[PDB]
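Scroll down for the structure; my scribbles are underneath it.
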Amino acid sequence: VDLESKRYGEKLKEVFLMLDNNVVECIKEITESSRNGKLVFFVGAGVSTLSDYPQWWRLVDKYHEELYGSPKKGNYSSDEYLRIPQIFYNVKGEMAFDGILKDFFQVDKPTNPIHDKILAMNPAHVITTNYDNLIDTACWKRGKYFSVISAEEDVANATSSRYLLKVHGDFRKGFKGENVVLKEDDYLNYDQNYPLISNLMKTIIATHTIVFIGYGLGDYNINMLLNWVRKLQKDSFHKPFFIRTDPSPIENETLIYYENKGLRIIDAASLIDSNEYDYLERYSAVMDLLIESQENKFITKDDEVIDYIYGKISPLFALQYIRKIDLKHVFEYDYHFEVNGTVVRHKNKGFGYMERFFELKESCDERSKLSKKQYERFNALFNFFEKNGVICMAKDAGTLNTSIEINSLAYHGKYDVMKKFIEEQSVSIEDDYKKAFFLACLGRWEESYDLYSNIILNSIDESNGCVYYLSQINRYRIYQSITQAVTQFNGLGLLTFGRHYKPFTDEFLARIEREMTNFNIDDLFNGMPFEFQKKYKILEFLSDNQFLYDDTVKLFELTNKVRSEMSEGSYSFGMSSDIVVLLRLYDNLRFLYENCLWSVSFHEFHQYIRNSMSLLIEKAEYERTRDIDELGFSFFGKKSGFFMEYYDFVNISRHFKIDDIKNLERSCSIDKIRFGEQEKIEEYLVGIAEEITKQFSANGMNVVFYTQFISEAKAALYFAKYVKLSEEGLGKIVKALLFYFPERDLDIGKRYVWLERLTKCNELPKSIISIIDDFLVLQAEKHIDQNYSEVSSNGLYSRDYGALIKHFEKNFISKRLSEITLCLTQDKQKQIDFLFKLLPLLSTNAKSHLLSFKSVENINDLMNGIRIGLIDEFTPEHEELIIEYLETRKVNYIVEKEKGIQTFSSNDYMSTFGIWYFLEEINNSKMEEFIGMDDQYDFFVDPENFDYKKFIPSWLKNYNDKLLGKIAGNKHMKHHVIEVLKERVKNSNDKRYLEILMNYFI
Amino acid sequence: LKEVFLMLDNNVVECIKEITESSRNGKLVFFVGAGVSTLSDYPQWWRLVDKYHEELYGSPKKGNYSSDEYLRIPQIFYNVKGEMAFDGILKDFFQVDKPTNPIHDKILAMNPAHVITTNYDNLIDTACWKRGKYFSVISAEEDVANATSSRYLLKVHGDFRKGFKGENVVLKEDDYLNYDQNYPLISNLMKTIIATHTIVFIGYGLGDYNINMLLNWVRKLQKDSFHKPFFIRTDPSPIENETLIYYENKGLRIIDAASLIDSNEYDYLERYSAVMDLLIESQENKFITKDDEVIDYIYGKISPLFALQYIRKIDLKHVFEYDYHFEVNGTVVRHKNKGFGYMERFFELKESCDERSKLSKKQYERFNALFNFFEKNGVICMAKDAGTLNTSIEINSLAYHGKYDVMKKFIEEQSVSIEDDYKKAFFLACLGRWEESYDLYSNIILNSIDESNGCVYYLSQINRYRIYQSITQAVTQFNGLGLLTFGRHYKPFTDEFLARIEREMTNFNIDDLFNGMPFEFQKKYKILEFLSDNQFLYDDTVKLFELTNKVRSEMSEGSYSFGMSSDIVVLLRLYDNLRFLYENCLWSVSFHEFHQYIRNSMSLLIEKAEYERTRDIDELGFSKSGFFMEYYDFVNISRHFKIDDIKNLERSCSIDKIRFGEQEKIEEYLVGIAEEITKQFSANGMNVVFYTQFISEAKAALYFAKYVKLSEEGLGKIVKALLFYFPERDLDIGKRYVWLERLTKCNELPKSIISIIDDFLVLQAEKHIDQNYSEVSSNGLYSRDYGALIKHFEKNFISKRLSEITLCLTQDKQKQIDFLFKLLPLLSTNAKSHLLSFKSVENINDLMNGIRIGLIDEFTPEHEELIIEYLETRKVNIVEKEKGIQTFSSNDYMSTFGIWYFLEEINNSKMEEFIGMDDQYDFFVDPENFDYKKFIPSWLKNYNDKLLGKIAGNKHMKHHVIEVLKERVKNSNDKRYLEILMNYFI
């Protein structure tokens, strides 16, 4: 029945079952040639009769009609077919011939389905013998582009790589018989008149498998080609195939003779009985057999149910750990794989081979029927499939529990084992390539390039050649890498390096420039063995810089497409299952194709993958803080998802930068984000500590290695505040943090800030304190030279640098520093000032010995003591000393009033003077008679009578030391004061005012 | 080099250009001889023939070996001794190793397509290992069908790689005379290769028999259509002209080495190095030294595609091999150009007409065409001497503006030009989601292949494929949910369309279209590869739109005086998006999964940049950008955003304080959309295929207000769109009320709008009088809200449409008159008196309505006792058994009860006898003991008067009530929380 595979389905399956060996092997060869892109068709004129095109015998009958007046009775002789027009051309002239041709050919007919049927079989080249554009129009409307060749200049002006030859020429240049082979003299002088076309046809016969179609035995062209081919050794010639839809069965003797001639005959009459006029039916039946040959994978006890997949997957065994999504390209999108491991039959027609493969896989029984070789193939394929992580059929879903593991030592950074594995002797070529990739990203790119050259020297012997492609790609990429490396080194100059660390002598630069010049990377795209090209098609995007450039675009689009829903704080229900963040994490962890890569972290644009995916994972806090601003459910615990593991920590340390970490923590609560694996991360941090300790203990030619490892420490240590280190590793991490980091990279201020954050996150009971004291002592002997100074980004203060230690232990005194103080004299004033910084942690004897050095003789020295903290509470003698100056300021205030200006920008001590009186540090009534000098003095000395017309909330920037907390309970007019804050908050967008509106208000 | 090049102007400078062009296209093919072997010091043939002469004749060659003597003399030996002597002699003279000369390496460096070596050797074969190039070697006919790779290394006379025996190589004259018979499969291949490729002879004998046969063949059959080959003459003595002109008439051109350099006779290496170095330049720099260079090397590259009106700025960087950085602003600068500054020359020649006068007339016209093309795209000057490049962005396409009547007018009109047919097809795709004639694209295909214009077939195929995908997606949407969503099985597409499109689109070559297109299409229009594969492809969708992620990370600004608005944020974020709005105004925007969304990622940072510049400087009026959002950006916002997007924008961004430009244009656009939706409500049926998305646009316009002052008529028309013209499925009564309240709330509500609202109420009353229809409000907004909205903004609002119905009521049913019962305060005095006489108020709903509007707030003890009895019924509903009866969200009146408490709307404290079941709302009777998060901040910002002048927290719960508000404002982002904090009390 029509529109159903009845004559196309079961009966053709039975016919294929009863087919002989010759026909089935011809079908297999045809399918192989088609799938290899090495198939060329030879279209005859017979199919033209299927479209009701005018026939040549009709034309010659016409010519005889107007030649002798009456047509010749009976069937015309074959020779006359090429003889009657010639005489007609000799005497009647050209005009009658042209008129008849234009009368009988200026018509158009629709294209028969056989045209597109043969066209939809990826034919590389098509050789025709006709006088129209029926096949041209068919491939035209189908969409395929073919370059029509019918003249010598057409051969000369070649434009594409798909040829549609015209053995006798078309009628593009007019309806003239001179340019179209139609006469016997043309058949005699074809070689002389058209040498180029003939030579091209002879060349194209040998290179491909010629499949004749729409031809009858005895035609002149076929006989001529057979005569040509018989004048050959035929030692390595491929016998062409023939299609012949005769209504009557073929005699066996003729079959034997033509098989001996060198043609393999496929008969359509022997297929099924049909009417003598059903040529279209026979042609369509042949087409349907050769098309159904695709989805003709019948299943038996011993069959291709494992062999087909074995053939499809066998080349891929060379690679270590391929991606799940890439498999969709292997199976020509017959299925669609999921990152979870399920496989769904989408966009598939025919037989579900994957389903039967599964049914064999899970079922222990019903498998002994397979052959032992098939059993081994099944075992190998099952091992490969279980290695990748494909779980089961999409129908048999559930219990989706999977993890991610990486085996490369580069990921974990075991540099000791790294080098240890580096030294040993070579064994084979694969381990040489692996150790060559290992040799890079370590600071010895010279030897890495040399080993890549050595591998590429003798890699053609490889059975698969994938190692050849990978080595070539890595060589190209390392060439660019060293190019930009030397460019950046020239750009930095001596600013970054104390001495310009040239990676290598310019001779190597010259030889690599000569080697790598004019090297456009095409490889598989244009030239590489066709056997490799038909397979391994998933490595086609490797021609770019990174090993995933073309495959990163889908992630770039999909991250936004899924941010369309995972990043919006309006909804508060909370997604239950099929969490998009988990599948995004699975997808990006799948991209850790670390078994076979090159310097993916080096590519600045590659790490953006990590720099964006985890960023959006954290920006998914919109799903958090839900049901807190909304009713929602009863769960009011601010605990988001993303239970990050060791791998997430490693990725954040590897790719995220310190500034980006600050940006993300500006608007997140990772402090509240919980995470497991409290022990492995400690080991990773410790290993980083020994690596940085060994590197900086005796620095050498590690500048190439000292470009990414240095950035690793910044990300690792700063982020480590979130995790809770054990006290045992805290000592090692502090030792690494303090002594062994470079001084230029980290000043005192940043080291102090990071030390403060680790101390706040994890306490320091007794052990780390000794290390801090030792560092303080070492700084003390550093300050021996007065000329010695250090640059601080945020502050050179050592007050807090030691006040932190005093905070840990109130009763703390440094005995070693005490003796250091005791063994000094009044010659090194900078050392005296530094010991002044260290006064709280010094012993009483040290204080007594040091105070004999410097003292307060004037007021300014007394306030200079306030700057350094010499005298926390000065004696009443110093109180009245200020009063004498305050009286001196008082009498000069009248003089300054007469001057017409107020000089309070410098010596702004009255604001400080009123601080102590307001702090109740000084209890005297003398200061009140000096009222009115300064607005700050008014606001502190007499807060109950001051005038707030000054309107200066900007002082709140410097009221951290004012101890606003004490004032908060001591403001005489809190209500008047807060109205300023309300106005300032409304009329200013600064956040400092918002801080005071909280730290010390409501 | 250049010093010698000064005189290289005699059919040499153009020959180098032609050879380099052939190399670029891959048509270049070498043909190496025996000279390179001599450079590698390979054994010479004359030594072998001298040895053979000594073997038989005796004594060395007293005379000289003639041409024939070089061939027949060994053959005679073959006729007197067996092949073992030949094998021994060849082994003695050939079992040697020779170093690979640099000539082989440089020959590989020029990267040819095919190599044809006539000499028997492995030096060139071995040299491929060092470069790594892979070649398939063809020794003879035995290995032809085993074509390993496209690259070929053909051995004309075989080789001694397996040529230990004498039969594997042809050297004797007997083999030469019957060479074709012995090796037929090689001669034809050589002929077709030299016919279909550019062939260059290097280091090759001029008088050799092989070139003799070649020449006697090529000019014998071909006269004028043959491309003349290239030959390199490397001889010490300089060549003369009579032989040269004789060879030119033969059909072969000559490039001698003597003209270039004449260092020494023996320094063949020097001559070969010079002649190859003259080609090493590869036509990448200093190819020509003439003037008027702004007419060549650019015109053939910058204007083969001028049929496309618009070109993106980022595209021109790919056009010129990234030699210049084309900024989004419109300036350029050299990046990788190494030579003459042709762009610099063009910029200099643009203005100075004095030096333009000397330009050739046709060259002048081409220069003016290039100038017009550049100024149309937006390139005006160079980054070296240019400042700001802020320019108004405009669109010429009518689809992006929203015109529809002229759209139909053009659709009715026929189109003759192929471009006009493309425009018509695009416009039809705009009007109808599925083209009733997608065969218009087939006509585009056939006409484009008919014509020689090109670059129309390629685009139309992509458009057709995208249309196919969209139609299949529409079919998927029209699943079982589609039938109920649209009311019934509409099935706009019929089955035969699917049947034909599935059979046409099957096995489509979406992998790549450049393979189908010839080489010239791929090379010239390489700029179309951005959307060619379009299989989630790059640099057309997100690759430059992923750059905004970096700015998203660069959002953080130090201190307070930085600015994300008065900055370069317009560069690469605003102008980049505006440039990428249309690439050619004809590409199908039909796909909406990514583009319309990523349009809301844009216009998002810009909106967040509207922080009123309060932190940029002290005064919010910074006084520049201005950010007057003109109508194009308004269209973007009202086209690509959703309801919830704009909702969360209004949550924590400036909305009303921002002013938009082109307000009259916005008025025109809104009036047009309202008029066309009203017409289409009557013009046709659902036409869901266009309706489904289009209504979204309408919605995005209605709730986007408080921006323009609507004209009296237009507002009257736009509110008329709400007069039962919008489908009630999308907008119920509650949503209509909300959007109506949002509109005009900043206006004074003229009397025409009041009459329109009264008419709406009249139609709703007619619907209610049906006695069967029941009001449907998802948000609980009853029809009385319109009555509450009116008369609360105006006075003396009274209508004669419905009061007469109340007076002339037949006292039939209360259900159909519940609308009038609720609207009692708006009713006429006599009518309301009659209605009051007809129906009293006793039910809890009646009491709620009476307190809400009309009647009286305080009530008799029996009424509050009835409310207590309702509370007792809620007490019984004890029988909940945790089966959903405990949920009380559907009936929202328990909280309303507590609203009367704490507001002195009670006569006794009997509610204390009923413990509040609503855990959300119970603290009104037990303020001291409240459940954790009893008060949800959403409910906190809901009401406005229960603060009652801040006494809500002043009477009790003074402290630990601002903690929740403050932590909400600290973590979340809402202005309402800040205002609640400002009043300091709940």
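Labels used: A, B, ... for chains in the order of the structure tokens, numbers from 1 for residues in each chain, and numbers from 1 for ligands as shown.
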Discussion item. Using only C-alpha atoms, which protein or nucleic acid residues come within 7 Å of stretch 454-457 of chain B? Drop anything in the same chain fewer than 4 positions from it, and give the result as a PyMOL selection string.
Written reply: chain B and resi 444-445+448-449+461
Using the selection just defined, write its residues with C-alpha atoms as a PDB file, in the first residue's frame.
ATOM      1  CA  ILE B 444      14.093  33.419  -5.106  1.00  0.00           C
ATOM      2  CA  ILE B 445      16.314  30.345  -5.515  1.00  0.00           C
ATOM      3  CA  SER B 448      19.036  33.958  -8.154  1.00  0.00           C
ATOM      4  CA  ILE B 449      20.643  31.027  -9.951  1.00  0.00           C
ATOM      5  CA  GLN B 461      18.132  29.108   1.807  1.00  0.00           C
TER       6      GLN B 461
END
Contact table chain B vs chain A, cut-off 7 Å, shortest pair per residue, only C-alpha atoms, as a Markdown table:
| residue | atom | partner | partner_atom | distance |
| --- | --- | --- | --- | --- |
| B:129 | CA | A:457 | CA | 6.2 |
| B:130 | CA | A:457 | CA | 6.8 |
| B:142 | CA | A:236 | CA | 6.2 |
| B:145 | CA | A:207 | CA | 5.7 |
| B:148 | CA | A:529 | CA | 5.2 |
| B:149 | CA | A:529 | CA | 4.4 |
| B:150 | CA | A:527 | CA | 6.3 |
| B:151 | CA | A:527 | CA | 6.8 |
| B:188 | CA | A:199 | CA | 6.1 |
| B:189 | CA | A:203 | CA | 5.8 |
| B:192 | CA | A:200 | CA | 6.1 |
| B:196 | CA | A:156 | CA | 6.1 |
| B:225 | CA | A:153 | CA | 6.0 |
| B:516 | CA | A:145 | CA | 5.5 |
| B:517 | CA | A:145 | CA | 6.8 |
| B:518 | CA | A:160 | CA | 4.7 |
| B:519 | CA | A:160 | CA | 6.0 |
| B:536 | CA | A:554 | CA | 5.6 |
| B:537 | CA | A:553 | CA | 6.4 |
| B:538 | CA | A:553 | CA | 5.8 |
| B:542 | CA | A:557 | CA | 6.2 |
| B:546 | CA | A:556 | CA | 6.9 |
| B:556 | CA | A:663 | CA | 6.5 |
| B:560 | CA | A:990 | CA | 6.3 |
| B:594 | CA | A:561 | CA | 6.3 |
| B:614 | CA | A:989 | CA | 5.3 |
| B:615 | CA | A:989 | CA | 4.8 |
| B:648 | CA | A:570 | CA | 6.4 |
| B:936 | CA | A:631 | CA | 6.0 |
| B:937 | CA | A:629 | CA | 5.5 |
| B:938 | CA | A:630 | CA | 5.8 |
Selection file, N, CA and C atoms, as a PDB file, in the first residue's frame:
ATOM      1  N   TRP B 129      59.321  15.146   5.569  1.00  0.00           N
ATOM      2  CA  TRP B 129      59.274  14.794   6.984  1.00  0.00           C
ATOM      3  C   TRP B 129      59.590  15.995   7.866  1.00  0.00           C
ATOM      4  N   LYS B 130      60.602  16.780   7.490  1.00  0.00           N
ATOM      5  CA  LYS B 130      61.010  17.915   8.313  1.00  0.00           C
ATOM      6  C   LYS B 130      59.908  18.964   8.393  1.00  0.00           C
ATOM      7  N   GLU B 142      50.636   0.940 -10.788  1.00  0.00           N
ATOM      8  CA  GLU B 142      50.245  -0.089  -9.826  1.00  0.00           C
ATOM      9  C   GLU B 142      49.551   0.516  -8.612  1.00  0.00           C
ATOM     10  N   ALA B 145      44.553   3.590  -7.678  1.00  0.00           N
ATOM     11  CA  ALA B 145      43.286   3.502  -6.964  1.00  0.00           C
ATOM     12  C   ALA B 145      43.444   3.661  -5.459  1.00  0.00           C
ATOM     13  N   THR B 148      45.593   7.707  -1.144  1.00  0.00           N
ATOM     14  CA  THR B 148      45.580   7.945   0.296  1.00  0.00           C
ATOM     15  C   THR B 148      45.113   9.359   0.618  1.00  0.00           C
ATOM     16  N   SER B 149      45.628  10.352  -0.103  1.00  0.00           N
ATOM     17  CA  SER B 149      45.321  11.746   0.182  1.00  0.00           C
ATOM     18  C   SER B 149      45.217  12.526  -1.120  1.00  0.00           C
ATOM     19  N   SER B 150      44.605  13.708  -1.027  1.00  0.00           N
ATOM     20  CA  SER B 150      44.459  14.567  -2.198  1.00  0.00           C
ATOM     21  C   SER B 150      45.817  15.036  -2.709  1.00  0.00           C
ATOM     22  N   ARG B 151      46.719  15.391  -1.796  1.00  0.00           N
ATOM     23  CA  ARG B 151      48.057  15.810  -2.189  1.00  0.00           C
ATOM     24  C   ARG B 151      48.788  14.662  -2.873  1.00  0.00           C
ATOM     25  N   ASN B 188      47.757  10.397 -18.860  1.00  0.00           N
ATOM     26  CA  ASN B 188      46.480  11.104 -18.842  1.00  0.00           C
ATOM     27  C   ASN B 188      46.325  11.937 -17.575  1.00  0.00           C
ATOM     28  N   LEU B 189      46.741  11.389 -16.431  1.00  0.00           N
ATOM     29  CA  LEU B 189      46.672  12.142 -15.184  1.00  0.00           C
ATOM     30  C   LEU B 189      47.560  13.377 -15.242  1.00  0.00           C
ATOM     31  N   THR B 192      45.796  16.000 -17.487  1.00  0.00           N
ATOM     32  CA  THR B 192      44.684  16.701 -16.853  1.00  0.00           C
ATOM     33  C   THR B 192      45.163  17.607 -15.723  1.00  0.00           C
ATOM     34  N   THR B 196      44.407  21.591 -15.763  1.00  0.00           N
ATOM     35  CA  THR B 196      43.515  22.180 -14.773  1.00  0.00           C
ATOM     36  C   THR B 196      44.251  22.906 -13.654  1.00  0.00           C
ATOM     37  N   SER B 225      42.794  28.914 -25.827  1.00  0.00           N
ATOM     38  CA  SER B 225      42.167  28.735 -24.524  1.00  0.00           C
ATOM     39  C   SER B 225      43.120  28.183 -23.472  1.00  0.00           C
ATOM     40  N   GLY B 516      29.126  23.843  -0.929  1.00  0.00           N
ATOM     41  CA  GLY B 516      28.328  23.952  -2.137  1.00  0.00           C
ATOM     42  C   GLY B 516      28.718  25.142  -2.991  1.00  0.00           C
ATOM     43  N   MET B 517      28.952  26.288  -2.362  1.00  0.00           N
ATOM     44  CA  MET B 517      29.314  27.481  -3.111  1.00  0.00           C
ATOM     45  C   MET B 517      30.706  27.310  -3.717  1.00  0.00           C
ATOM     46  N   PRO B 518      30.953  27.865  -4.906  1.00  0.00           N
ATOM     47  CA  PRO B 518      32.287  27.750  -5.510  1.00  0.00           C
ATOM     48  C   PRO B 518      33.349  28.516  -4.738  1.00  0.00           C
ATOM     49  N   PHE B 519      34.597  28.432  -5.203  1.00  0.00           N
ATOM     50  CA  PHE B 519      35.708  29.024  -4.466  1.00  0.00           C
ATOM     51  C   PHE B 519      35.590  30.544  -4.405  1.00  0.00           C
ATOM     52  N   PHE B 536      24.202  27.319  16.387  1.00  0.00           N
ATOM     53  CA  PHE B 536      24.701  28.007  17.574  1.00  0.00           C
ATOM     54  C   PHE B 536      26.083  28.587  17.287  1.00  0.00           C
ATOM     55  N   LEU B 537      26.187  29.276  16.153  1.00  0.00           N
ATOM     56  CA  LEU B 537      27.472  29.730  15.647  1.00  0.00           C
ATOM     57  C   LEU B 537      27.921  31.002  16.359  1.00  0.00           C
ATOM     58  N   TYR B 538      29.176  31.367  16.122  1.00  0.00           N
ATOM     59  CA  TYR B 538      29.839  32.443  16.841  1.00  0.00           C
ATOM     60  C   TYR B 538      29.882  33.725  16.017  1.00  0.00           C
ATOM     61  N   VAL B 542      26.442  35.677  20.025  1.00  0.00           N
ATOM     62  CA  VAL B 542      26.833  35.924  21.409  1.00  0.00           C
ATOM     63  C   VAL B 542      28.323  36.217  21.563  1.00  0.00           C
ATOM     64  N   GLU B 546      28.957  38.168  24.384  1.00  0.00           N
ATOM     65  CA  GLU B 546      29.532  37.655  25.620  1.00  0.00           C
ATOM     66  C   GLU B 546      30.549  38.615  26.218  1.00  0.00           C
ATOM     67  N   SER B 556      31.597  46.902  39.348  1.00  0.00           N
ATOM     68  CA  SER B 556      32.075  47.453  40.606  1.00  0.00           C
ATOM     69  C   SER B 556      32.964  48.661  40.357  1.00  0.00           C
ATOM     70  N   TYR B 560      32.921  56.768  45.497  1.00  0.00           N
ATOM     71  CA  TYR B 560      31.563  57.105  45.082  1.00  0.00           C
ATOM     72  C   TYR B 560      31.471  57.983  43.841  1.00  0.00           C
ATOM     73  N   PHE B 594      16.967  33.250  21.675  1.00  0.00           N
ATOM     74  CA  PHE B 594      18.125  33.945  22.228  1.00  0.00           C
ATOM     75  C   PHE B 594      18.081  35.449  22.013  1.00  0.00           C
ATOM     76  N   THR B 614      23.545  60.806  41.892  1.00  0.00           N
ATOM     77  CA  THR B 614      23.580  61.349  43.245  1.00  0.00           C
ATOM     78  C   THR B 614      24.934  61.110  43.902  1.00  0.00           C
ATOM     79  N   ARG B 615      25.611  60.021  43.537  1.00  0.00           N
ATOM     80  CA  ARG B 615      26.945  59.752  44.056  1.00  0.00           C
ATOM     81  C   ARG B 615      28.046  60.231  43.121  1.00  0.00           C
ATOM     82  N   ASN B 648      10.590  43.291  38.081  1.00  0.00           N
ATOM     83  CA  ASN B 648      11.800  43.283  38.898  1.00  0.00           C
ATOM     84  C   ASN B 648      12.674  44.496  38.611  1.00  0.00           C
ATOM     85  N   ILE B 936       5.479  39.029  57.290  1.00  0.00           N
ATOM     86  CA  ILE B 936       6.269  38.919  56.058  1.00  0.00           C
ATOM     87  C   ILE B 936       6.496  40.314  55.485  1.00  0.00           C
ATOM     88  N   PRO B 937       7.721  40.664  55.090  1.00  0.00           N
ATOM     89  CA  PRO B 937       7.972  42.024  54.581  1.00  0.00           C
ATOM     90  C   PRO B 937       7.112  42.405  53.386  1.00  0.00           C
ATOM     91  N   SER B 938       6.700  41.434  52.566  1.00  0.00           N
ATOM     92  CA  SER B 938       5.765  41.740  51.489  1.00  0.00           C
ATOM     93  C   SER B 938       4.452  42.275  52.041  1.00  0.00           C
TER      94      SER B 938
END
Practice prompt. Find the spatial neighbours of residue A:338, counting only C-alpha atoms, within a cut-off of 9 Å - ignore same-chain residues fewer than 2 positions away - and output them as a PyMOL selection string.
Written response: chain A and resi 324-325+336+340-344+390+394
File dump, residues just selected, C-alpha atoms, as a PDB file, in the first residue's frame:
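The result, stored in selection.pdb:
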ATOM      1  CA  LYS A 324      29.272  12.627  25.935  1.00  0.00           C
ATOM      2  CA  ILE A 325      27.786  15.305  23.665  1.00  0.00           C
ATOM      3  CA  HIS A 336      20.668  12.733  21.300  1.00  0.00           C
ATOM      4  CA  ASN A 340      23.124  12.578  32.860  1.00  0.00           C
ATOM      5  CA  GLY A 341      23.937   9.482  30.775  1.00  0.00           C
ATOM      6  CA  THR A 342      20.545   8.725  29.227  1.00  0.00           C
ATOM      7  CA  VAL A 343      20.152   8.317  25.463  1.00  0.00           C
ATOM      8  CA  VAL A 344      16.889   9.251  23.726  1.00  0.00           C
ATOM      9  CA  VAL A 390      26.394   6.207  29.743  1.00  0.00           C
ATOM     10  CA  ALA A 394      16.279   7.228  28.483  1.00  0.00           C
TER      11      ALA A 394
END
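Near residue A:89, within 12 Å and counting only C-alpha atoms, sit residues 63, 67, 82, 83, 84, 85, 86, 92, 93, 94, 95, 96, 97, 98, 100, 177, 178, 182, 183, 184 and 185 of chain A, not including residues fewer than 3 positions from it in the same chain.
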Discussion item. Show me, as a ChimeraX atom specification, the residues that have an atom within 10 Å of residue A:318 when counting only C-alpha atoms, minus same-chain residues fewer than 4 positions from it.
Written reply: /A:314,430,463-467
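Near stretch 356-369 of chain A, within 10 Å and counting only C-alpha atoms, sit residues 299, 300, 301, 302, 305, 306, 309, 351, 352, 353, 354, 371, 372, 374, 375, 378, 379, 381, 382, 391, 392 and 393 of chain A; same-chain residues fewer than 2 positions away were not included.
Contact shell of residue A:261 at 10 Å (only C-alpha atoms; same-chain neighbours under 6 positions omitted): residues 226, 227, 229, 230, 239 and 255 of chain A.
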Worksheet item: Which of these, A:900, A:413, A:637, A:9, has the shortest distance to residue A:691 once you count only C-alpha atoms?
Response: A:413
Practice prompt. Output as a ChimeraX atom specification all residues of stretch 489-641 of chain A that backbone DSSP marks as alpha helix (DSSP H).
Written response: /A:489-492,506-516,530-534,549-566,580-590,608-618
